[PDB]
Amino acid sequence: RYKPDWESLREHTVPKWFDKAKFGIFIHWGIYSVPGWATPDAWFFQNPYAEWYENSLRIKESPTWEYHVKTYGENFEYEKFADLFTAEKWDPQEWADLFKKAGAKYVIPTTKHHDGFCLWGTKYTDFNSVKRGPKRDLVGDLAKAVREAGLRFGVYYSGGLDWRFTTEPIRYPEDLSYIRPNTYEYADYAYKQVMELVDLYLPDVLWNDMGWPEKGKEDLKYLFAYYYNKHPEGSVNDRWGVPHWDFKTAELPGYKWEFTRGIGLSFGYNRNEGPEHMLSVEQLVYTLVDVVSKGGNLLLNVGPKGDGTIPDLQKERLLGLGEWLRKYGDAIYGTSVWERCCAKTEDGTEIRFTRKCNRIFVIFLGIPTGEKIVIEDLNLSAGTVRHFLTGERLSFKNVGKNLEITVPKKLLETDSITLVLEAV
Amino acid sequence: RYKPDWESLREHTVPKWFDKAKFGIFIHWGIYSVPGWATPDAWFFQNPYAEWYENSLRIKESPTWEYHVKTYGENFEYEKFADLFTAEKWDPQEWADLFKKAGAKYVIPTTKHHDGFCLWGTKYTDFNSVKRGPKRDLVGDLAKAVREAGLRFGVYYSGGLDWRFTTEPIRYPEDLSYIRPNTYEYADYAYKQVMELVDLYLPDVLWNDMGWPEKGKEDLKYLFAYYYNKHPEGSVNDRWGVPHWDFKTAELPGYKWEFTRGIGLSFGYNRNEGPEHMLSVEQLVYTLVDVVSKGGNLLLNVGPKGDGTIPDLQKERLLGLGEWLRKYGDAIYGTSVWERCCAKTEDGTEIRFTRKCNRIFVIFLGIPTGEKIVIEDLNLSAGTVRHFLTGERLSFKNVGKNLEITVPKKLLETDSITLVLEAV
Amino acid sequence: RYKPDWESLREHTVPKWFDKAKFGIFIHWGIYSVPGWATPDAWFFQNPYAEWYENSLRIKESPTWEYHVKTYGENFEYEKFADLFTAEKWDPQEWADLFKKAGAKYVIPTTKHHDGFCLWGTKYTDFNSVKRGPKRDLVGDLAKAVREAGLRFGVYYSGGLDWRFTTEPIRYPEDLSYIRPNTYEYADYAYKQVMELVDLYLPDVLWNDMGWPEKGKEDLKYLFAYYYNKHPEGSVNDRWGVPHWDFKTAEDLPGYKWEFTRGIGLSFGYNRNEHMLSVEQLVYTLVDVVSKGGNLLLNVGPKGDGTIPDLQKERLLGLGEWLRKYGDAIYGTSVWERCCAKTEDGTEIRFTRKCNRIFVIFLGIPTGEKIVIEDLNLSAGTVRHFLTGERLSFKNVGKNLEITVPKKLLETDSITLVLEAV
Amino acid sequence: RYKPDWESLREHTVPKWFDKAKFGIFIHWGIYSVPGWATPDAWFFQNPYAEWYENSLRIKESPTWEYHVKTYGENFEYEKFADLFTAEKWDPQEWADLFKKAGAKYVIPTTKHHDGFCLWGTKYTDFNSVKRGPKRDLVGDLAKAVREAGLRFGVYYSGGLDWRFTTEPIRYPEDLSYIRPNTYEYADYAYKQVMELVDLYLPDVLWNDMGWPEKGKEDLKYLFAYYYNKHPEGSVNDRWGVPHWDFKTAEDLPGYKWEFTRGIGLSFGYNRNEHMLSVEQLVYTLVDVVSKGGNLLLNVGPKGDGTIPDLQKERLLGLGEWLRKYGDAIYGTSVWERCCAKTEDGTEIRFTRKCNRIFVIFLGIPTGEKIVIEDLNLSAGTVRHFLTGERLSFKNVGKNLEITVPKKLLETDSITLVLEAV
Ligand SMILES: C[C@@H]1O[C@H](O)[C@@H](O)[C@H](O)[C@@H]1O
Ligand SMILES: C[C@@H]1O[C@H](O)[C@@H](O)[C@H](O)[C@@H]1O
Ligand SMILES: C[C@@H]1O[C@H](O)[C@@H](O)[C@H](O)[C@@H]1O
Ligand SMILES: C[C@@H]1O[C@H](O)[C@@H](O)[C@H](O)[C@@H]1O
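Protein sequences, first through last, are from chains B, B', A and A'. A prime marks a further copy of an entry chain. Under the deposited numbering, the letters of the first sequence match residues 7 to 46, 56 to 266, 275 to 447, in that order. Under the deposited numbering, the letters of the second sequence match residues 7 to 46, 56 to 266, 275 to 447, in that order. Under the deposited numbering, the letters of the third sequence match residues 7 to 46, 56 to 266, 274 to 296, 300 to 447, in that order. Under the deposited numbering, the letters of the fourth sequence match residues 7 to 46, 56 to 266, 274 to 296, 300 to 447, in that order.
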């Protein structure tokens, strides 16, 4: 049993499933998906993030304001998008199947982003998906489908920012130091809402954002102890601004962390986003391997449309990643870091290392065109280095500081995207 | 005038009436009286307290859950008892007469227990006796009747626990450290509700329970100063978790205290309670004398049914106590502690001492069967020891460390339950 | 057992001995007794308190500065008085006997006043009576003598003010809000010194003054718990500025215990330029205070050589001669239903209770046999003349209570007519 | 780089060496080793811990007081033992070699226990081993010797208790809530002393005790950041009473790292009146603790002259002889899917993992060849006898796992039967 104080909650280390998961799906989906628009220290004036539509719209000068006033009209309040957000062609089982085939082991939707619209039937505001728009508990139905597909389910919550409680926009990063809800009322509201998510859906991950209101930071001792006592395999990110977290986030470490990025640049759906603002399947795999070899997990974001469909370009990149993970999944899932993160060849091709007990997977970022491969600054523990995908044994010798190794061309042609070897 | 700070509020000592009162009636009565059921470190799983019905019901495993799901059905929410709680045959004048005849000098009902149902027309929740169930201000009508009978009126309030603000039950004592309302919203709610009781009924006693929310502990400086300034003869118990109290509670001291217990084991009405889970009239009198000789008051609880009647077994024990207090009341009411609490005879019979200026009442817990009574470790201040109930003088001498004294058998037969003497 | 937190320490009510004590002796005695001088909006510029000599001296051109610069010289540092404080003719048994004969039940000397000179062998400063001046543990020798005489022994300590830690004087009351030691170093120093008094002498009273340093206020839950656990009959005044105290102080009827403090004269420390109360006014004060639930802490300001001025000795013995006669109507009494009353004539009256007995103490001796007391009805008891025990006839008349006490008995009483109803 | 705030310091997880270390030596050694005496609701009145000699001595009439007043005399102050603590026959290389042969990977001496005597040349008190007694920097010479033997070196420090700053003893556990130094002066003193240990010896472990003074708890975000930035492989226990620690202590399977501490005997400091564990019980403790994710910190209580009692030396060497054989199944291991298991016979079993290898350590040596382990199914690997490496036949049978190990191999093992599946 966890007690409600920081010393006691430190006893909760990161759960084993999360360290082994390696890959998860972020989902940025709200009423901001309806307009789904964004421009292709002037960051907030030309916000490339479609989720920040309302903030950009509150800046009268901006291109989001130009677009909005021409597409929808000057007197079209942002709140009106809630009724346009009908998710009429949303099938959560189809999402869960997509994410499972993509190779993800956990899924995290935005229960409530900065605009403050909640994607569940919360009883603390009427600005949610049950009373407005979809007339449907989006979080709960996604949680059911995700878990029926055999995946873990987390929740993103914008604890630090809620624009239902402000009127002024963020124009500069320094504005965030005072343009917050700021009231005791909000501190209670955020506490009750995350407590409600825990009670209703018992998430495997509590992914807070933008810090936690200062007035309720000491509430989290009670929230975290409550959560862990109901769900010891539950986890908590590092965006609460308090002494406790299970893993860190980012946009060889001894702690666990998680790199988050979108398939594109924007997190929410953006129409203005060209097909060359997005990563290729190759770049997604390279990111996954790089991150995972450094002890991290990848949280890859998906920005679905307001009608509940995932853009074909995004579906494509997910399935292509999962086709790669279906072949090379044994060298990623359930792996630890090796003695070192990275390495390169004499040629130039970068290399990453993942361990799985006595095995050491050697993952080349790319497929070398030559049979004779020379890896710099490595002298392997004289064992048995073998081709991974076919299993076939391979000859190799040590040379001063580098490591020479021949791999026939007949085997290179089998590998897709990355050549991977495996020592013992 | 009291200032709102702890140093200043210390000037308020316990009121004279309360120290002299000696005996009071607790009343545990709510919507939990309707089901009125309880099982005959596993305490919370088999709670013998019927007031904790809802907590026990939230534990799916428990016998309260078995009973509830069979008597009322799985989908019978606990809140539904509010509408079953009609107090149709409740007459408060009949209660006040009962408590007055029982010998009580003050009466304290549960305005709001842990379940959060209020027995008055509070304007801070619709979960009360005016909007639901009785359609009647139960606290106010009891206050009128109690005061018309010439008794003081206090209020119990569950400041520390309110299950209207939680969903999870208490399974272990350590759960109480974090399964509390916890919000600023609740701290205000509790403050406004006790302030409302003060404004509406001006209670002679403020009997808080389960501590006060940490977020509003400093509010009580303002509450206590406000209260004492309107009502200097008002009093305050020791369950707020702050530096100030007028008397302590429990379940020779220099401070004033108050032992609270039920006629039975449960505080709320329990049907499952046999007639041999309750104290006899003899044991109630023995408790009263023991407590009062140690500087304390007795707060004897009554658990009425949901229809507003007090079980005949409880009525019986109260009237029998009051018949005893009608005879021996002069040795209890308005007494102080003597040089020592207790004493025993050579035979074995225990003895308690109460003072009233130059008088010293000697109350035997039981009626010795022999005329020759030898009291251990006592040498009285050579005065005049007399039989109390008849007044008749009695012979006595000192003997080493003990004190011999003859009391004719004709006088023993007059005394009911306790022989009592009286020195000068 | 007492825990170190305010909620737990509230369980310590005022000890029974202190409530019954009624009368105690304050002693303001230090190196300020050596010059022992004070002048006969601008209170601090013309301080009538001789203990504040150093503060007044730091105010250049003030009358204490004029006197000092002429009697001792401009370059005569105040600290130099420590070596002049010899306590030549000091006899603690003589003091303890004087206070016992005066009728006092407890005695409280200044272990350290605002100037910061300590009257004991403290190991936290060398500015004390053992290393300087008397070469003698003044507090400890007085404690031994006072307890041998059968009296309780308390300690005054200036926790809030210490002029060893400041250089600027107090010219106005608002100056006290910032001209304090202010350092963590001082907060520890004060804690360690009161801890040391407790360890060395285990005082029955801890009489702090001028509040406690803000930084050390949380230290006192520990100090008080430590103190009460070693000495449950110990007590603590109300000048720490924290939620806990046993009795209040002061310079219808309260439910708490309090203590009026005042000197025989106006000054607390010895003053030559000294305005003194008569024996009659001291008795009247005692009775007034005691009938209102309070104790009287009467101050004595001895000279630097260790003798108590004859005028002060005289007032104390005269008070004790009165207390020897009428002590049963004061010591061990509680308050009655009301404190005060007057006669049709004008003479004020005070009431003390002692169980079923209720003493009626006249502030003065009425010159007439027929006495009419206003707004008082006594439930037909037996009103006795107190000192002789003789019975007196009384009747109830409307609001008032007519009583007839013979001339023989009025001339018997000294200072106060005292009756005794039941 | 680590910033001085709790959120940043959480990034420091327990160092890999400490998780792999498994076994370490505690050393309770001070001036309390000189008398080295302790008696065979009232724990503090009959303290079995010889390190608490002074506390027990402050309790007048207690058995430590009887012994002390007869062996040394009533006017023999406890502080006088500092001059008796000569460490005559002390040889740090002899100690370091003993601990290395015992199989320990790290060593932690008491730099300062509750009595406040420091075993190094601190410049914040003259009550230490350089100015008194040994005339020698005991901590530094042990640190040099321990690191020369190839072992890690930590430091115990009594941050929460220091009896140089109190006079009253601890009679009950509730006394610890207020009988502490309590001053800002102490909070600085503790900070400066641990800062000084870090600067002088850069310990691999900072083993604080009895919490950290309330006034100095915020100082520790700075001390910890300073420490980790100079020494990232450094570690910190859980007895500071702040949000941060690297491992917990103690006197299904945890996710955090912890450390069981206990003496060879009952007392931590040397006791004559001493109740000791056998070699078998020490090995059983080590295996039990290690299979549950913990380390064992085994205490040694040397005499005042600098020698370790032969009985203690004996137990340590016997443990190291066992660890020399079975060290591969302990050092560098993680926890398995579950900690514990038993046979149909009754013999307890513990599991340690080392990648794909899973060691099966029997607490005792089964007398029969046919061994049936309850509730255990092993995925058909290759179960080897550990010490000889020979292969063993096994079958899965319902819930259990039948295995046949020849008598030849059971008689080979010492204390524990050890197998090795894959
Ligand atoms: C994952 C990203 O985190 C950031 O803090 C947010 O501002 C973005 O909108 C997005 O949710
Ligand atoms: C008098 C008793 O006090 C306790 O704290 C409560 O838990 C019981 O329900 C009851 O009200
Ligand atoms: C009793 C008086 O208390 C005051 O606070 C002090 O300033 C006086 O010097 C005197 O000691
Ligand atoms: C390891 C033990 O820790 C406890 O806190 C101490 O009181 C003992 O003396 C010993 O050092």
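Every residue gets a Cβ at the ideal spot worked out from N, C-alpha and C, and that includes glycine.
Contact with chain A' is absent for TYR206 of chain B, since none of that chain's Cβ atoms lies less than 8 Å from the residue's Cβ.
Per DSSP, reduced to three states, the secondary structure at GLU399 of chain B is coil, with no helix or strand assignment. Leaving aside the five residues that flank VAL170 of chain A on each side, the residues in its chain whose CB is nearer than 6 Å to its CB run, in chain order, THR126, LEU212 and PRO218.
If you keep only unbroken alpha helix (DSSP H) runs of at least 4 residues inside the segment 167 to 234 of chain B, you get 199 to 216. For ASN421 of chain B, the beta-bridge partners assigned by DSSP are B:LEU426. Per DSSP, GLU281 of chain A' lies in no alpha helix (DSSP H) segment; the continuous beta strand (DSSP E) that holds it begins and ends at 280 to 285. Runs of the alpha helix (DSSP H) lying entirely within the segment 72 to 122 of chain B, each at least 4 residues long, are 78 to 86, 96 to 99 and 107 to 116 in chain order.
CA-CA distance, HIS300 of chain A' to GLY285 of chain A', rounds to 10 Å. At a cut-off of 8 Å between beta-carbon atoms, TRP361 of chain B makes no contact with chain A'. Here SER39 of chain A carries a helix assignment [DSSP, helix/strand/coil].
For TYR351 of chain A', the nearest beta carbon of chain A is not closer than 8 Å to its own beta carbon. For the pair of segments examined, the segment 418 to 433 of chain B was found not to touch the segment 7 to 24 of chain B': the number of CB pairs separated by less than 8 Å stays below three. Taking the Cβ atoms as the reference, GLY226 of chain B lies roughly 20 Å from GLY249 of chain B, outside the contact range of under 8 Å. By the CB criterion at 8 Å, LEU412 of chain B and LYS367 of chain B fall outside the cutoff.
Under a criterion of Cβ atoms nearer than 7 Å, the residues of chain B' adjacent to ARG7 of chain B are, in order, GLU189. By alpha-carbon distance to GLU436 of chain B, the top candidate from B:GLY406, B:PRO391, B:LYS395 and B:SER418 is B:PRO391. Chain-order list of chain B' residues neighbouring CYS380 of chain A: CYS380 and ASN381, by C-beta distance under 7 Å. Among the residues of chain B', those whose CB is under 7 Å from the CB of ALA240 of chain B are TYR193, following chain order.
By the beta-carbon neighbour count (other beta carbons within 10 angstroms, threshold 16), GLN306 of chain B is exposed. Not a single C-beta of chain A is nearer than 8 Å to the C-beta of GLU445 of chain B'.
Taking the CA atoms as reference points, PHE384 of chain B' sits about 12 Å from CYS364 of chain B'. Spanning the alpha carbons of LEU388 of chain A' and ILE355 of chain A' requires a straight line of approximately 14 Å. Here the distance from the Cβ of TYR64 of chain B to the nearest heavy atom of ligand 1 is below 7 Å. Here the alpha carbons of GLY345 of chain B and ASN320 of chain B stand approximately 15 Å from one another. Taken through DSSP and simplified to helix, strand or coil, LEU275 of chain A comes out as coil.
Under the Cβ distance rule, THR368 of chain A' does not count among the residues neighbouring chain A, no pair being separated by less than 8 Å.
Taking 8 Å as the upper bound on Cβ-Cβ separation, chain B' lies near residues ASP253, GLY256, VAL257, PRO258 and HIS259 of the segment 245 to 259 of chain A. Judged by beta-carbon spacing, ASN70 of chain A' lies within the 8 Å limit of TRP178 of chain A', meaning their Cβ atoms are closer than that value. The beta carbon of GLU13 of chain A' sits closer than 8 Å to some beta carbon of chain B.
Not one heavy atom of ligand 2 sits closer than 7 Å to the Cβ of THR181 of chain B'. Contact holds between the segment 95 to 108 of chain B' and the segment 321 to 333 of chain B', because three or more Cβ pairs, one in each stretch, are under 8 Å apart. Listed along chain B' are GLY277 and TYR278, each with a C-beta nearer than 8 Å to that of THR19 of chain A.
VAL443 of chain B' has B':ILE386 as its beta-bridge partners, per DSSP. Not one heavy atom of ligand 4 lies closer than 7 Å to the C-beta of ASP261 of chain B.
At a cut-off of 8 Å between beta-carbon atoms, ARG147 of chain A makes no contact with chain B'.
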